[PDB]
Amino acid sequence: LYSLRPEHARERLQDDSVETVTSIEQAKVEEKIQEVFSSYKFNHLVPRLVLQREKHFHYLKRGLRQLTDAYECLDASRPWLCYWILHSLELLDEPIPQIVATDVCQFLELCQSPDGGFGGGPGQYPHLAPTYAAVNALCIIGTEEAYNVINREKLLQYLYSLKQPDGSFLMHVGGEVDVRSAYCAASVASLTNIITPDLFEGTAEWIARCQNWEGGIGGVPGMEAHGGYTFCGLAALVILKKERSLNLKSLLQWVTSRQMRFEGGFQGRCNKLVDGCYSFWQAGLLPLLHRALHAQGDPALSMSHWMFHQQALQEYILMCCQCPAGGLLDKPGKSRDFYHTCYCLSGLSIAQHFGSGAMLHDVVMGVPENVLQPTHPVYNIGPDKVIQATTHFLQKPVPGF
C-alpha cells in the first residue's frame, strides 16, 4: 500500500519553520489522516481495503425516496439529489426498478417549467444546475418515458433565454454567470441533440478566457483557479470540441499538482485541504486532457494509466472517505451527504478504469468487489447511458424554429 509504505511518511508538510493559518490547518489534516493510515499497524491487523457497497446502498436506496429536515437547505436542489443518488446506485451497479424510475420521471416533470427549464423542486423557476442534474438523471434511466419528458424545444428556448453576447451563459434568468453554466448548458444541449450552429457562439472563447495565470480555470475571468470550474471549463470545451482553446499543458501541470503528496487525494485550489469530491472534479480532468492531448496526436502519452496517481487516490477514498454507516465524505471527521458520496464514488471509478480505444487497464485496489461501474468523464454518467441518450434524441430533430 503506497500510503502505508514507510517512505511515505517523508511526504509530510515542511512548514519551513514559518507557521501560518494555511500550513497549520493542513497540519491538522495531515495528522488526522495519519491516524487512519496507522490505524491498522496499530490494532495489529492486516490492511484490507473494501467498499461498503452494502452500507452505501441502504443509505442511498431510501435517501432516494425520503430525507430528513437536514436536507432542507437543498430544498431547491432536489433534482441534484436525484442525480447524486441515481448515479451513485448506478455506479455501485445497482438496479433502478421500472417502478421507482417512473416515480422519478414523474417528479422531474413537475420540476420542469412550462418555460423550458428545470427548477430545483416542483414549481420553481428554471435553473441550469437543476436542469443539468435533471437531464442527467433522466438519461441514467433511458426508458422512452424518461428521454421524453424533456421538452427539447422549450429547452433550447430556455438555453437561448440565457446565452449572453460575450459568449458566457446565465445561471438562470436574473442570476449570475460563471463557467458552470457553460458546461451545464453544453452537457444538456448536446445530449438532447438540440444544439444549433449558433447556440454556443463565443463560448469556447469566453470559457478559455477564464484560464488564469496558474494553469487552472476560475468561475469568472481574473478568478483564482478552481477544480470544479476547471472541470466545467475543460469538459465544456470537450463537448464543443475546442480543447485547443486552452494551454492544455499548463492546465495539466496545474491539475496534476492538485493531488496531495501525503493524503493522496486531490485539493480544490493550491494550498487548500483535501476533499473527496475533488477526486472527480480534479482527478476527472485527466481522462479528458488525455483524450485531447492524444486527440492532438501525442505519442508520449501512456496507454494503461491516467496521468495521476490512481493507487493513492483510491486508497484515500477507501481508507478515509467512507462512512461506516454508509455514504462517503469530504475528509475524515466530516459528515456524510449524497453530493460527496456521489463524487467520491465517481472519483473512485475514474481512478480504476482506463481506456484509449482498445486500451483498457483497470486498477481496482484492495478487494476486487470494490470495482465499480464505469462513468463518462464529461457527462459523469454511464458511458452507455450517454450512448443510448444521444443516438436516441439524435433520431429526432434539432429544434430549428
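Superpose the two forms; the largest set of C-alphas matching within 1.5 Å is the rigid core. Residue indices: 1-based, along the sequence shown.
For 330 to 338 versus 36 to 44, the mean Cα distance to the shown form in 9 other deposited structures of this protein after rigid core alignment is larger for 36 to 44. Mean C-alpha B-factor is higher over 102 to 110 than over the other stretch, the pair under comparison being 102 to 110 and 322 to 330. Mean CA B-factor, 223 to 231 versus 151 to 159: the higher value falls on 151 to 159.
Sorting 346, 352, 43, 26 by the CA temperature factor given in the entry leaves 43 at the top. Out of 257, 143, 267, 77, the entry records its largest CA B-factor for 143. Ranked against the other modelled residues of its chain, the C-alpha B-factor of residue 56 as given in the entry falls in the lowest third. Compared with the other modelled residues of the chain, the Cα B-factor recorded for residue 369 ranks in the middle third. For residue 198, the recorded CA temperature factor ranks within the highest third of the chain's modelled residues. Split the chain's modelled residues into thirds by C-alpha temperature factor. Residue 82 is in the lowest one. Annotation for residue 70: C-alpha temperature factor in the middle third relative to the rest of the modelled chain, per the entry.
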